[PDB]
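S.K.: Turn this into a structure:
(chains A, B, C, D and E)
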Amino acid sequence: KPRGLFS
Amino acid sequence: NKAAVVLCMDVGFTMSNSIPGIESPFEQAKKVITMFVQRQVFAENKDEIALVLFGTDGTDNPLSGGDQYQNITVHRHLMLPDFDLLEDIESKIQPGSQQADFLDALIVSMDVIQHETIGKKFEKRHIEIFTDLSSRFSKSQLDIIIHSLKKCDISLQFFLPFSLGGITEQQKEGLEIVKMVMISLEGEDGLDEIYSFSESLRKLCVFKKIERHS
Amino acid sequence: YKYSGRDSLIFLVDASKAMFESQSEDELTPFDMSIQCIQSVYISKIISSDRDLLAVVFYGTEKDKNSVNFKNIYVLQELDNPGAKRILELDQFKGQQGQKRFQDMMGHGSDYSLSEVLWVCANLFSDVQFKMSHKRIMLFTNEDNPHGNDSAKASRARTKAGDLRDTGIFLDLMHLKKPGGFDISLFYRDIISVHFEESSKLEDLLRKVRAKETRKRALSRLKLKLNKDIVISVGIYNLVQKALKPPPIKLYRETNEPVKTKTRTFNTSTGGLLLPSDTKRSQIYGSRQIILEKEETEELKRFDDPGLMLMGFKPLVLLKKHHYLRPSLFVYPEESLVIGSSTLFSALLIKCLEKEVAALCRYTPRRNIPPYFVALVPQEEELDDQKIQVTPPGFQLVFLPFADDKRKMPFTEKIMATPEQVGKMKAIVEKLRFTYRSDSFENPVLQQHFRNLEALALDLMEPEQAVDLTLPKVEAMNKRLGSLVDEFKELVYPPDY
DNA sequence: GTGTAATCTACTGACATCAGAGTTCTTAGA
DNA sequence: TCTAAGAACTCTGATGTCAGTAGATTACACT
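M.R.: Residues are numbered from 1 along each chain as shown, chains lettered A, B, ... in the order given. The protein structure is shown below:
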């Protein structure tokens, strides 16, 4: 799943 | 939930030149970090931001040294995002003329995390580094770095100008090192954690979906 | 029909000594039957169609009052919008003591002439000023021959009644009750629009229904545009609305007057009065404050000129029912704006229905509104039961949801059932069937609110305290299913609650 | 100028509707 | 050792709508 820069 | 955000950018020299047909990785990742900072700004998410604009022509870091933790200027520590930080990103940044390692900046941001994420309550951490892989770096603490990233629950992502699907042998070996590092973080799936910059634009242009817990 | 027009029903009861006291048995009374009918329909109309018109006028009476000072006709209350101060008047007459009052105020029942009676009612409908949508007259008599004696009166009657039929007025009598004498071919086959001693048509006029209605009012007419050049004229109509209670009105203690709210906005630093220009809108983000013009706080929404934007078409399996957003609306061309467009509407409808595929579009209901994505799922007409409209033919409007709506669910794992208990649950689900008709139920809230309204209005001894189908009939479920609850307990239930 | 049209634009009743505000409930909680 | 923050729902008030009505304004027009 999208994480960090995307979460 | 809570999260800590520490964005790591390079202000070196290589990104100061690029193909005329495509925007420089400097300005490209600049718009990216600008559009991304806007994202966590509008959403009232309690995520805290710190910035590392490494590759600095000077050195303004808590871990200043002659060669250890060098050429680093933390824009601001790990607190809530706010506008003036975005504006100061938009204005204060300046093209550089030096070249500096990122693994150094990785450890510096790591130390900021360990020095602050226990000082105040958090639940999970990220570490993001934007660079062009034009650094002279040694693989010394990589095992230890990945170790205590696992221990402190810090997720590392890299963002590179080239696309997985013409770069220097320096850039190519850095990419292979990066693949090694990401697999050493999670495993084979570490390939997905590789990110280019145009894809960052495509995947990020939208504003933050207004999530809501029921 | 003409919308501002209104539905008007005049009431007309045989006030002779004929049925004032027939009372063959001791269970009802024809006047007490008609008055009950009038009271019931009138209170139903109160809530139902508060804007309509009613009037009650008795004939054959001994006292006299009407517009034209005729003989033996008494206009109890003229044509006017329904109101309590009239239900009170009618109630004054409901009862044995009530009928004593009725007889000793206006008369036992003198001679009469339905020719003249219809004259009277005609003048009544004429006198009103507002426009009338439907005009209907209800006799309440039983002397199935108005008069077999003076035929000339009968000729005059048929003549005038034909006239009223021609002046735009309908007429209807419900044959209430007579010993024998329960026929309509005697003098009325040519009046109203086989036969027995009591009228079914008067039964429902006691059904006491109390919803409310609005006519064929277009919610909004917008121009469906296929492309930037072809446009058609569609009327976004509405077919389910969730009636909230009528909004209350604020009144003074000492006098029950309207109180005319006067909210305003004014300064705290000084006793000034901020006029609407002198205000600003604001938000707080990122520890920094924001200003926009009040004009801008709505300018921040201008997205498309009003209308519908059909883009493509889509396979009806994909429009998943799983993601309803707001009540659907209905689509049907309005020939008024773009002449002939009804053709293209029909074309789209026929062809889409034939090829079993949706039609997606952008909906901007009014100016200043962001657009949503709505699908024009076509609908075929159905009439079969009695060749009356059931589902009107055209397109629906299933609003399709936006990403900001999915509301990510707190994932949990699945555990399949064993075919044994599901095989028995087949029997359980079979047993408790029931056909669900659309208008099955009522709001207990709306219904009870309306009730309590009549209660307080009419100084009743009691609220009606309606019993409403919403609550389940518990014993029915306990019985018709049998003790299978213990079966599924022993199948798929251990000791813990 | 004078006078009669035609017809746009008004207002209102009425009905939907966003938003705004009043209210009870879970977690995080000195 | 418990106090806010969001939630949620309902409710209220404006904004905009539609059909209708009818007024006043504006065009047309007079040898």
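S.K.: So which bits of chain C are right by DNA strand E?
M.R.: Neighbours of DNA strand E within chain C, by CB under 7 Å from any atom of the strand: C:2-4, C:131, C:217-221, C:235, C:244-245, C:247-248, C:261, C:263, C:298, C:306, C:366-368. Where you see a C-beta, it was placed from the backbone N, CA and C, and this is true even at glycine.
S.K.: how about the closest residue to residue C:281 other than its chain neighbours, secondary structure?
M.R.: For residue C:281, ignoring the flanking residues on the chain, the nearest one in space by CB to CB, 6 or more residues apart in numbering or on different chains is residue C:297 at 4.4 Å. Using DSSP: H, G, I helix; E, B strand; the rest coil, the secondary structure recorded for residue C:297 is helix.
S.K.: Tally up the residues packed near residue C:297, please.
M.R.: Here the number of neighbours of residue C:297 (other CB atoms under 10 Å in any protein chain shown) works out to 13.
S.K.: so it makes contact with residue C:279?
M.R.: No. Distance between residue C:297 and residue C:279: 10.3 Å, which falls outside the contact criterion (CB atoms under 8 Å).
S.K.: name the element the residue of chain C found nearest DNA strand E belongs to?
M.R.: With CB to the nearest atom of the strand, the shortest gap between chain C and DNA strand E falls at residue C:218, namely 3.4 Å. For residue C:218, there is no host helix or strand (DSSP states H and E).
S.K.: residues contacting it?
M.R.: Residues touching residue C:218, when contacts are defined by CB atoms under 8 Å, 6 or more residues apart in numbering or on different chains, comprise C:235-237, C:334.
S.K.: Could you do residue C:243 as well?
M.R.: If a contact means CB under 8 Å, 6+ apart, then residue C:243 has C:211-212, C:443, C:446 as its contacts.
S.K.: cool, residue C:241 as well?
M.R.: By CB under 8 Å, 6+ apart, residue C:241 lies in contact with residue C:327.
S.K.: Output stretch B:124-139 as PDB, restricted to C-alpha atoms.
M.R.: Taking only C-alpha atoms (Å, rounded to 0.1, in the frame of the first residue of the first chain), the coordinates of stretch B:124-139 have been written out as PDB:
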ATOM      1  CA  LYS B 124       5.000   5.300  13.100                       C
ATOM      2  CA  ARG B 125       7.800   7.000  11.200                       C
ATOM      3  CA  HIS B 126       8.900   7.500   7.600                       C
ATOM      4  CA  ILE B 127      12.100   8.700   6.100                       C
ATOM      5  CA  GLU B 128      12.000  10.000   2.500                       C
ATOM      6  CA  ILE B 129      15.100  11.000   0.500                       C
ATOM      7  CA  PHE B 130      15.000  12.800  -2.800                       C
ATOM      8  CA  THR B 131      18.300  12.700  -4.700                       C
ATOM      9  CA  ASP B 132      19.900  12.000  -8.100                       C
ATOM     10  CA  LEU B 133      22.400   9.300  -6.800                       C
ATOM     11  CA  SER B 134      25.500  11.500  -7.700                       C
ATOM     12  CA  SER B 135      27.200  11.000  -4.300                       C
ATOM     13  CA  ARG B 136      30.400   9.400  -3.000                       C
ATOM     14  CA  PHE B 137      29.100   7.000  -0.400                       C
ATOM     15  CA  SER B 138      30.400   4.100   1.700                       C
ATOM     16  CA  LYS B 139      28.400   1.100   2.600                       C
END
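S.K.: which SS class is the most centrally placed residue in chain B?
M.R.: Note on chain B: the residue nearest the mean C-alpha position is residue B:129, at 2.0 Å, using CA atoms, centre = their mean. Assigned state for residue B:129: strand (three-state reduction, three-state DSSP).
S.K.: Could you check which residue of chain B lies nearest DNA strand D?
M.R.: Nearest to DNA strand D in chain B, going by CB to the nearest atom of the strand, is residue B:121, at a distance of 7.3 Å.
S.K.: tell me the contacts of the residue in the stretch 51-200 of chain C that chain B sits nearest to?
M.R.: In the stretch 51-200 of chain C, no residue comes nearer to chain B than residue C:51, which is 42.2 Å away by CB to the nearest CB. Residues near residue C:51 by CB under 8 Å, 6+ apart: C:6, C:81.
S.K.: now residue B:203
M.R.: Contacts for residue B:203 were tallied using CB under 8 Å, 6+ apart; they are residue A:6.
S.K.: Just the buried positions in the strand or helix carrying it, please.
M.R.: Using DSSP H and E, residue B:203 falls within helix B:198-204. Under the neighbour-count criterion of 16 or more other CB atoms under 10 Å in any protein chain shown, helix B:198-204 has B:200, B:204 buried.
S.K.: now that helix, how far from the chain's geometric center?
M.R.: Relative to its parent chain, helix B:198-204 has a centroid offset of 16 Å by CA atoms, centre = their mean, to the nearest Å.
S.K.: again with stretch C:202-216
M.R.: 7 Å.
S.K.: for the residue in the stretch 101-250 of chain C that DNA strand D sits nearest to, helix, strand, or coil?
M.R.: DNA strand D sits closest to residue C:214 of the stretch 101-250 of chain C, with a gap of 4.3 Å, by CB to the nearest atom of the strand. Residue C:214 carries the three-state label coil when classified by three-state DSSP.
S.K.: for residue B:189, same thing?
M.R.: Remark: residue B:189 carries the secondary structure label helix [criterion: three-state DSSP].
S.K.: how many other residues sit next to the residue nearest to residue C:283 when sequence neighbours are not counted?
M.R.: Excluding its sequence neighbours, the residue lying closest to residue C:283 (CB to CB, 6+ apart) is residue C:290, at 4.7 Å. Neighbour count for residue C:290, taken as other CB under 10 Å: 12.
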